[PDB]
Structure formats: C-alpha cells, structure tokens
Amino acid sequence: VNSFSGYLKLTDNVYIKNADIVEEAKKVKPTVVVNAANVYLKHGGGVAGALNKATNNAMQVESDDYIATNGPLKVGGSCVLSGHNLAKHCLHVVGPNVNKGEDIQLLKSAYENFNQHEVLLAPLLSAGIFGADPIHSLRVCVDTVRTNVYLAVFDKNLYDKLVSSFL
Ligand SMILES: O=C(N[C@H]1c2cccc(O)c2C[C@H]1C(=O)O)c1ccc(NCC2CC2)nc1
C-alpha cells in the first residue's frame with residue numbers, strides 16, 4: 003500500500019491522474035520524483051522549470067555543480083540528484099525533444115531509467131514542450147516501465163484524451 007491518492011490504474015504497474023506533479027510531490031514526498039530534464043540540466047520551462055521554481059532554484063544550483071563535474075547527460079539518459087523539498091530523490095530523465103529534431107526512438111531508452119526505482123512519481127516523458135505525441139509516450143511508458151509508476155498529468159484536456167484513447 004502507498005499514499006498516492008485517486009490514481010486510475012491503467013495496468014498492473016502504471017497509474018495516472020490529472021494533477022500538478024509539484025503538488026503531488028509536496029503532498030506525498032515520494033522516494034523518487036522524475037524531472038523532464040534536458041542534457042544540460044537547464045530547468046527553464048515545463049516540468050523542469052516548474053519543479054525548479056518549487057525548490058526556490060536549489061535544484062538548478064545543484065544541477066549546475068553536477069554538470070560542471072560530469073558534463074552533459076545523454077538523450078535517453080538520467081542522473082539521480084536530491085529531491086530537495088519535493089521528494090527524497092529527483093531522477094532527471096532526458097527524453098528526446100522533437101522541437102530539437104531528436105529521435106523519438108530514444109523515448110524507450112528514456113523510460114528504461116524508471117526501472118531502476120521500485121516506485122516513482124513521474125510526468126509523461128517528451129510531452130508538452132518536448133513536442134512528442136503524449137498518447138505515444140503513454141504507450142511507450144506502459145510497454146517499457148515494469149516498476150510502479152504514478153503519472154501526474156498537468157493539462158486536463160490532455161488527461162481526458164489519454165484516458166479516452168488508452169488501449
Ligand atoms: O509543463 C508541464 N507539463 C507538461 C510537460 C512539459 C514538459 C515535458 C513533459 O513531459 C510534460 C508533461 C506535460 C503535462 O503534464 O501536461 C507542467 C506540469 C506541472 C506544472 N506545475 C506548476 C503549475 C503552476 C501550477 N507546470 C508545468
């Protein structure tokens with residue numbers, strides 16, 4: 003049993019809700035919150051910009067030190083950093099950004115990072131300002147992630163479409 007409330011069970015291991023991931027994280031304090039990161043960990047907008055703002059920019063400060071030491075992530079890759087006031091840990095995952103021309107096949111590799119964590123609160127990867135089809139992202143999630151994932155979807159009309167079209 004866990005404290006995630008009002009989630010729609012899609013499969014054995016994937017759950018979804020129309021909710022603000024910032025508020026879900028503040029309320030649940032999950033072991034892992036996933037960030038929709040880029041390779042430079044520059045948390046400018048979307049999920050990344052939103053989570054960073056909720057940490058009062060502490061996520062960005064930590065991220066800048068990470069990049070200065072380690073260099074950029076790979077598209078499809080990830081790193082584990084602090085969850086600050088939102089979670090124990092933040093798993094920064096880089097899905098492909100279609101608005102940068104990145105290959106959508108890398109979306110499966112991106113979701114594979116979730117399998118290293120037994121339970122996660124996460125956004126649908128490559129949705130919103132990353133420009134990929136969210137119905138596609140949800141399908142890849144269900145077909146790739148085997149651990150227990152709670153997807154928080156910000157946009158109500160996207161959530162309604164994701165529920166209505168899920169096979
Ligand atoms: O950009 C957000 N979401 C979309 C997005 C963007 C980039 C990559 C992604 O994979 C996704 C999933 C999309 C969605 O979930 O609709 C978002 C989410 C929460 C939030 N909270 C603070 C506001 C003040 C209440 N702000 C923004």
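So the number in PDB author numbering is just where the residue sits in the sequence shown, counting from 1, plus 2. Just so it is clear, CB atoms sit at the ideal spot from N, CA and C, and this is done for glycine as well.
Excluding the 5 residues flanking it on each side, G48 has same chain C-beta neighbours closer than 8 Å at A38, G130, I131, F132, in chain order. According to the DSSP assignment, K76 belongs to no beta strand (DSSP E), since it is labelled neither H nor E. For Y152, the uninterrupted beta strand (DSSP E) run begins and ends at 150-155, by DSSP. Taking C-alpha positions only, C92 is separated from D135 by approximately 24 Å. By the neighbour-count criterion, in which a residue is buried when 16 or more other Cβ atoms sit within 10 angstroms of its Cβ, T13 is exposed. Of all alpha-carbon atoms in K19, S5, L53, the one lying nearest the alpha-carbon of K11 is that of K19.
In terms of CA proximity to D22, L88 leads the group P74, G46, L88. Just so you know, the alpha carbons of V142 and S80 end up roughly 17 Å apart. In the DSSP assignment, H119 falls outside any alpha helix (DSSP H), carrying neither H nor E.
Selection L126, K31, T146, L123 evaluated against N117 yields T146 as nearest (Cα-Cα). DSSP, read as helix, strand or coil, puts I18 in strand. Judged by the Cβ position, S128 qualifies as a neighbour of ligand 1 at the 8 Å threshold, a heavy atom of the ligand being closer than this. When Cβ pairs closer than 8 Å are counted between the two stretches, the stretch 58-65 is seen not to touch the stretch 28-36, the count staying below three. In the three-state scheme derived from DSSP, where H, G and I count as helix and E and B as strand, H138 is classed as helix.
Look at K11 here: in three-state DSSP terms it is strand. With contacts defined as CB atoms closer than 9 Å, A112 and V96 qualify as a contacting pair. The beta-bridge partner set that DSSP reports for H86 is empty.
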